[PDB]
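These protein sequence lines are chains A, B, F and E, in that order. When you line the first sequence up against the deposited numbering, it's residues 1 to 438, in that order. When you line the second sequence up against the deposited numbering, it's residues 2 to 42, 45 to 277, 282 to 360, 369 to 437, in that order. When you line the third sequence up against the deposited numbering, it's residues 1 to 105, 125 to 153, 159 to 175, 178 to 231, 235 to 362, 373 to 382, in that order. When you line the fourth sequence up against the deposited numbering, it's residues 6 to 28, 44 to 74, in that order. Beta carbons are placed, not taken as given, at the ideal position from N, Cα and C, and that holds for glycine.
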Amino acid sequence: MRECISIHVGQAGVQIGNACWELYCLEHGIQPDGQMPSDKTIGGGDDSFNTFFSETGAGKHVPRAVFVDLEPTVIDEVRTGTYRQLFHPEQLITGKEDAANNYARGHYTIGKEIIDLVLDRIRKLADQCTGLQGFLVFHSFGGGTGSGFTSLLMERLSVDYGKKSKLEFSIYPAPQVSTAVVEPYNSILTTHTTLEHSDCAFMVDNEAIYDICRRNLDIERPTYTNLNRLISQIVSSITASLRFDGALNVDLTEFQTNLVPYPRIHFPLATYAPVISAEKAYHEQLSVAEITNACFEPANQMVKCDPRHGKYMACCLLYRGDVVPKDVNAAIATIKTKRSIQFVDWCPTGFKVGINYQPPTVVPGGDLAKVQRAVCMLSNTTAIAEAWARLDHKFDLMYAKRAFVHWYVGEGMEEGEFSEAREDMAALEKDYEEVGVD
Amino acid sequence: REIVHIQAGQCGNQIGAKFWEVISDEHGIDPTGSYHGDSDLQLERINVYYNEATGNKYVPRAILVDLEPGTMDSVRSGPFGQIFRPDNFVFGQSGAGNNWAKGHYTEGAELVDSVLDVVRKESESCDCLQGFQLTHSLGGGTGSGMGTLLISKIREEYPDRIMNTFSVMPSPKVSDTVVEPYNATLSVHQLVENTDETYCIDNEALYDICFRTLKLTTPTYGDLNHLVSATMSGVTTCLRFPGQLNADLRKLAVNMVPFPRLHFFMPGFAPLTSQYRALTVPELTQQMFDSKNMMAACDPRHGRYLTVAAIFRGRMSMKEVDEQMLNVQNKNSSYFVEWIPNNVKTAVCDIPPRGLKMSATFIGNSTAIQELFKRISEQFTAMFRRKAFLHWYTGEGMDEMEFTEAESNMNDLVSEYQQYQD
Amino acid sequence: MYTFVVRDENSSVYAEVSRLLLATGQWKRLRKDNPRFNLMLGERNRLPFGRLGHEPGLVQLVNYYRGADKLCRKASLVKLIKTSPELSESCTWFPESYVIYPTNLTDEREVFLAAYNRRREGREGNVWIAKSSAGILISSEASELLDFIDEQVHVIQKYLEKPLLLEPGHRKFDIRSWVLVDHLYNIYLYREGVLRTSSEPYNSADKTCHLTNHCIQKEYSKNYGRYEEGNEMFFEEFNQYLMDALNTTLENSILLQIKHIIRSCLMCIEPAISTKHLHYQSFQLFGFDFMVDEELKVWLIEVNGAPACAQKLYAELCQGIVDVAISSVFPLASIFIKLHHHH
Amino acid sequence: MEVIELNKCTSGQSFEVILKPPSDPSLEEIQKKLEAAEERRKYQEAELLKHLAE
Ligand SMILES: Nc1nc2c(ncn2[C@@H]2O[C@H](COP(=O)(O)OP(=O)(O)OP(=O)(O)O)[C@@H](O)[C@H]2O)c(=O)[nH]1
Ligand SMILES: Nc1ncnc2c1ncn2[C@@H]1O[C@H](COP(=O)(O)OP(=O)(O)CP(=O)(O)O)[C@@H](O)[C@H]1O
Ligand SMILES: Nc1nc2c(ncn2[C@@H]2O[C@H](COP(=O)(O)OP(=O)(O)O)[C@@H](O)[C@H]2O)c(=O)[nH]1
Ligand SMILES: [Ca+2]
Ligand SMILES: [Ca+2]
Ligand SMILES: [Mg+2]
Ligand SMILES: [Mg+2]
Ligand SMILES: [Mg+2]
C-alpha cells in the first residue's frame, strides 16, 4: 500500500475537493463523522482505500487532503460543512486577502507569505506515510490563487519530493461561468511554470461541463454545485483504481506510463458516459456497446475537441458496473470499424481496460441518476491541443496592446515572463502538430 | 473586508447622505442604527460599509468632511443624521469659496490632518481593509480641492489599498460659478494618478435625464441627487451582497482597468420612470445600454467599450439574463474592442432596490468618456487663454504654470482615449 | 439579424455569396478577426477550426469541412481510394494511380513499375500521366516520368488514350460538376455543369490537345473560342449532341455514373468529417472533374475543395448556396438534385 | 484482436486488447526569483513615495 495526498488550491480546488471527498466517503461507506463500520481493522491498515484515508485510534478515517485558499470565505464552508468532522484544522489553510484574479499576486506577492506554512502542513501528512506515491493537485487556471499559488507550490514540491509523482486536476476557463477577463493570462502563466513539474494533468473545460449539465441533465442555468458533482464523478473514476483493488493504474507512476509517452504532452482527454438526469422517471439502461460508443462523441468529453483530426498515443477504458471483458471487446471491434481512430505509428493501436464491479455511486438528492454501468475513457489525443490554441489566441489579442499587464508588473512580476510563457505555449502547440498531423 | 467611506464638500455630503439613506433601507437599518430586516442576505456582507457597535447597533463607516459647517449641520439634522458617528464629523469654518486652491493648498491643508486622524482610527479597527470610496464634486472647492488632497495623502499612508471615487462633473447647464472648469481640470489630473476607479457622474446628464425622461420641468439638486442615489446603490451591489463577480474593490479594478490611467467609468441605471408596470428582462437590457440612461453625458456610439460590468437585481430568469446580454454583444460587437475577449461581465442579485421589482445597473469603461474631458478642456481654455479669473487662484499661492500643466495632463488623457478607439 | 466574416478575398464564389447576404438586409458583415460571427467564409490554408463553436449564444457555421483535404489532394485521393474498403483496391471509375515520392525525400515506385512492365509485356496502351497539387508530363516511357518527378509529392496514373471526342473537332474535354454538402450531410448536385473542351484535334502521337485546362486553352491553344464560347459547353448543348450523334441522353449515358461517383466519395469520408454532433456546423462546395471515354464510361480525375464556378452560373449557384446551406441554418423573414443515401 | 494480461479479483478485473502493432531548479534559484520580485515592488513603491514627497 502506498499513500496519496490530495491538495486543493483556490475556490475551484476547494469546492471540487469538497465534492470528491463527499463522493469518496459514499463509495467507501465512510460516514460524515469519519467512522467506517465495514473497516474491521481498527486504527490502521494497508487496504486499497487507505491510500486516501488515514486512521485514528478512535476509528475515524481522516482524508489525506490539504486545503489552501488565500481568503477564508470558501474553506470556512468546509470548516462548518457536513463533513467538518473528517478533517482536522491543520488540513485547512486560509489567509485574509485573495490574489484578486492576478497570477503574479498569488505567486509572488501573497504566495510568498504562506508558501512555507503550506509545505509545513503538507510535511505533517507526509510523515504519516510509509510509502508516499505523490500528490493530486486540484486548482483552476483562471483564478489568481488557483494559478499563481499552485505554480509556486508545484515548484517547491519538486524540491522537497523529487522522486514523487504529481498529477493535476485543472479547470480550463470558460466565459459562461468565468469571473475575470485576465483568465487567459493566468492560465498560460501557470501552465508555463508548472509544465516541467506536472507528470499528468487532467484538464476540465467548464464549457463542456456546463453544456453536459444543460443538455443531459436539463439544468437551465448550471451552478458550481451542479458542475462539481459531475466533475467528482470523473475524478472518482480516475482515482478509483488507487482506492480499490485492481491491477490497472494501481499507483501514480502507472498513470504516466499508460497515458504519457512524451513528458510535455501529458494532458489526457477524459470522456465520461452515461450522464442521465435523475428527474427522468424511467430511462432505458444503456449497454456496454452504447456507453463505449459514447466515449467517441465530442459532446461527452471534458474538453470540446475533435479527436478525428488528431492521433492517439494511449487509451484507457475505466468501467464501473455490470461490465464483462467479452462485452468490451465486442464494443471495441464494432467501434473500430465505424469510427476514425488514428494512432501514432510508434504506438500500438490498443486499449487498456479496467473494470470495477461496483457501479457508480450517486449523491442522494443530487442531479445524476443511478446507472447500472458507466465508463470513463482517458485518451491522450493531439486533438486536445485545440484548447491551447483557443487560449493562446485570447492571450495574443490582449498582450498585443499590453492590456491589464500593469496589474502583474505592479506585483513585482516582469513583463518578459509574459512572452516567455507564450513562447513556451507556442512550443507546446508545435509539439502537438508534429505528433498529430502529417 | 471593510470599506472606509468619505464625503467632502456640499455636493459630496448631500450625495453621500442620500447614499447612506438608500443602502441603509436595503440592509434594514433604521435611522437609529437598529436592524429590522427579514432576510439574512441583508447582514451577510454588512461589515463592508457598517461597523457593529454596542447593543447590536450598525454605525456607518463614513467620514463627513467640509470647510463650512452648513451642509454637515443639515445632514446631522436630516433623516439618517443620527446614525453617523459623531466623531466622524470633521469640519472647518472659513469655507473654500468654490476655489480649488483654498481646498488643496490653504484652507484644506489646515484641516487635512484632522481628517486623516479619523481615517486612521477607522482603518486601524479593520480586519481586512479593501480601500476607500470618496463622494465629491470636481467643480467646487472643498470636495474638489481638499478631496483630491485627501486622496493624495491617503495613498501615501495606504499605498496598497484601492482608491474609489464618485466624482460629479460640473456643467454649464447646472453651474454654480464660472471657475468650475478650472477646479475640474485641476482635480481630473489628481484622479488620473491617485485613484483606481472613478465613476464620472455628469450633472449635464443628470439634468437631461430629469428634464427629457423623468419629465421634471424644473429639476433641483434633490432631483439630481435621487439619480446618484440609485446609481451608487447599483454600482455597489456586488460589494454589499454575496456574489462571485466583482465582489471587492480590487477584483473590480482588475476586470475594468486594462490601462492604469483609463479608469473613468460611465454609470448607467434602468429603469427611469416618471410606474407600476413590470419591466421584462429584454427591456432592462435595452434601456441599460441606451445613451439616455447613463450619467456621463457621452454617446457610446462615438467610442468603444473597453470593459463592461453589468448588474441585474431582482427575482428574474438568470438564463434569460444571459441570453439578452449575449444578444447586445453579438448585435453590437462593433462597439466592444475585439482585442479584449469577453470584456462584458454580468452579475445577478436577488434583492431588488426599493420600489422596483427588478432593476439593472451599467458600469462601462468606454473611450467615449473623452467627450466629457474634451468638453471640460474646451471650457477651460476659453477662460485660461485670457488668464480670466486666475487672481482667485494666484492669490492663494498658485502659479500659471500649474494650470498649463493641468491643461496638458488632460489633453494627454484625451489623446490616450483616442489611441485605443482605433 | 445574422453576422458573418470573410477570411478569403480571392474566393470568386463566396464574394458573390457575401454580396447576396448583404442584399437581404438581414446579414451584417464583421471584421475578419471578429469572433462574434454566425458564419465564417474561411481561408483555404490553416483554417482555425479549433476556435469555432466556442461562442455562447451563437450558432456558428463554416464554409469548409475539416478533413475534406483527404479527397481534394492528388496524393490524398489516391491513398484514400486504395485503402478505403468502400472504394476498395479495385475501383472501376478511378484510373489506375500510384503515389511516387521524389528520390530526394509511402512510396509506390516498385509497385508502379510492376504494372508498367505488365503493360510493356502485353501489347497495350502504356501512356501515363504525372501530376501533383502544385507542370505535367505525358510520356509512354516510365523512365521519362520518374526522371521528371525527381527534378514535392506527385502521382502517376493511367492516361486515358481513348477519350470521347466531340465532333466537329475531334477534340478532348472534361466535365465539371458542382456539389454542395450542407450541415446535415445532404449531397446536392447542381443541375448545371460545364464541359471544358479543347479546341485542338486530339493527336494520340505538345500538350495543348491533351490538357483541357482553361488557362492553357486561352494561352497555348490557337482555335480558342471557335466551336463554343470560352471553350465551355453547358449541359443543354451537350445533351443535344449526344442525342444527335450517339442516340443517347446525358442523364443515362454519363450523369448516372457521375452521381454514383459523387455519392461514393462523400459517403466514404462521411464518418470522418461529419459535423452531425459537433459544436459547430460545416458545409462545403466541391468541384468534381470527370473524363469520358469512347465507351461512354465516366472516370474521376480529381476533386476541388475551393472551386470556381462558371461565369454564366455564378448567379444561380450562389443563390442556391444561400438557400440550402445558409438560410437552412439561419432562416430569413430547386436547382439541385439530391443524392439520397443512408446516413 | 488479441487480449493480454488478464488480472481478475473480487472487485473487478483488468486487461489489454490490442488491434494492431505499431509501424529542475533548486531552492536557491527559487528564492532569488521570489526576492527579486519583492525588490521590484519595493523599488516601485519607493519611487511612488518619492513622487508623493515631491
Ligand atoms: N468547475 C468549477 N469551476 C470553478 C469553481 N469556482 C471557480 N471556478 C472557475 O475558476 C475560475 C476562477 O478561479 P477561482 O478558483 O474562483 O479563483 P481562486 O483560485 O480562488 O484565486 P483568487 O483570484 O485569489 O480568488 C473561473 O473561471 C471559474 O469559472 C468551482 O467551484 N467549480
Ligand atoms: N489520367 C488521365 N487521362 C486522361 N486525361 C487526363 C488524365 N489526367 C488529367 N487529364 C487531363 O489533364 C487535365 C489536368 O487535370 P488536373 O485536374 O490534374 O489539373 P488541375 O487540378 O490543375 C485543373 P482543375 O483545378 O480545374 O481540376 C484535365 O483537364 C484532364 O483533361
Ligand atoms: N448632483 C449634484 N451636484 C451638485 C450638488 N451640489 C453641488 N453640485 C455641483 O458641484 C459643483 C459645486 O461644488 P460644491 O459642492 O459647492 O463644492 P464644495 O465647495 O466642495 O462644497 C457645481 O458644479 C454643482 O453643479 C448636489 O447636491 N447634487
Ligand atoms: Ca483499517
Ligand atoms: Ca486659517
Ligand atoms: Mg478566491
Ligand atoms: Mg457650493
Ligand atoms: Mg486542382
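Assigned exposure category for residue i - 16 Cβ within 10 Å defines buried
i, result
"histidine 382 of chain F", "exposed"
"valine 437 of chain A", "exposed"
"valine 323 of chain A", "buried"
"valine 181 of chain B", "exposed"
"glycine 25 of chain F", "exposed"
C-alpha gap between residue i and residue j, whole angstroms
i, j, result
"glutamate 248 of chain F", "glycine 254 of chain F", "12 Å"
"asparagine 38 of chain F", "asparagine 226 of chain A", "29 Å"
"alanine 201 of chain A", "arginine 214 of chain A", "26 Å"
"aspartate 160 of chain A", "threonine 145 of chain A", "21 Å"
"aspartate 297 of chain B", "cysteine 315 of chain A", "53 Å"
"residue 403 of chain F", "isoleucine 330 of chain F", "In the structure as shown, chain F begins at 1 and stops at 382. Residue 403 of chain F is therefore absent and cannot be evaluated."
"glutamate 77 of chain A", "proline 89 of chain A", "13 Å"
"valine 235 of chain A", "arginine 243 of chain A", "12 Å"
"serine 11 of chain F", "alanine 149 of chain F", "28 Å"
"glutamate 266 of chain F", "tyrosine 256 of chain F", "12 Å"
"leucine 119 of chain B", "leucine 153 of chain A", "40 Å"
"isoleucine 154 of chain B", "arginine 121 of chain A", "42 Å"
"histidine 289 of chain F", "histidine 379 of chain F", "11 Å"
"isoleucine 231 of chain A", "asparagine 206 of chain A", "10 Å"
"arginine 322 of chain B", "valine 288 of chain B", "11 Å"
Backbone secondary structure at residue i - three-state DSSP
i, result
"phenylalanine 418 of chain B", "helix"
"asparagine 167 of chain B", "strand"
"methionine 6 of chain E", "coil"
"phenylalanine 267 of chain F", "helix"
"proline 173 of chain B", "coil"
"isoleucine 7 of chain A", "strand"
"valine 118 of chain B", "helix"
"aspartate 199 of chain A", "coil"
Proximal residues of chain B, C-beta to C-beta of residue i below 9 Å
i, result
"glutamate 55 of chain E", "Residues of chain B passing the Cβ test: none, with the nearest at roughly 18 Å."
"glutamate 65 of chain E", "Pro162 and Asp163"
Beta-carbon neighbours of residue i, restricted to chain B and to distances below 7 Å
i, result
"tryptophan 407 of chain A", "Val257"
"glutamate 220 of chain A", "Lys326"
Within chain F, the residues that residue i reaches when beta carbons sit closer than 8 Å
i, result
"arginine 390 of chain A", "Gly50, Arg51 and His54"
"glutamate 330 of chain B", "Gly57"
"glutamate 345 of chain B", "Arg31, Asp33, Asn34 and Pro35"
Residue i: contacting residues in chain E (beta-carbon distance under 9 Å)
i, result
"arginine 158 of chain B", "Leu68 and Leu72"
Under 8 Å by beta carbon: chain B residues contacting residue i
i, result
"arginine 36 of chain F", "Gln336, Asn337 and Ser340"
Closer than 9 Å at the beta carbon, the chain F residues around residue i
i, result
"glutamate 47 of chain B", "By Cβ distance, chain F contributes nothing, its closest Cβ being about 30 Å from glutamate 47 of chain B, past 9 Å."
Under 7 Å from the C-beta of residue i: neighbouring residues of chain F
i, result
"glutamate 386 of chain A", "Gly50"
"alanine 299 of chain A", "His306"
"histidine 393 of chain A", "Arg51"
Proximal residues of chain A, C-beta to C-beta of residue i below 9 Å
i, result
"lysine 25 of chain E", "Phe343, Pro348, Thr349 and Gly350"
Contacts that residue i makes with chain A (C-beta to C-beta distance below 7 Å)
i, result
"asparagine 350 of chain B", "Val181"
Problem set entry | Neighbouring residues (CB closer than 5 Å to any heavy atom of ligand 6) | A:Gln11 and A:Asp98
For this session: Go through the residues and name those whose CB comes closer than 6 Å to any heavy atom of ligand 7, in chain order.
Result: B:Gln11, B:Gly143 and B:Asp179
Exercise. Whose beta carbon lies closer than 5 Å to any heavy atom of ligand 4, going through the chain in order?
Worked result: A:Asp39, A:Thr41 and A:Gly45
For this session: Name all residues in chain order for which at least one heavy atom of ligand 8 lies closer than 6 Å to the residue's CB.
Result: F:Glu331 and F:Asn333
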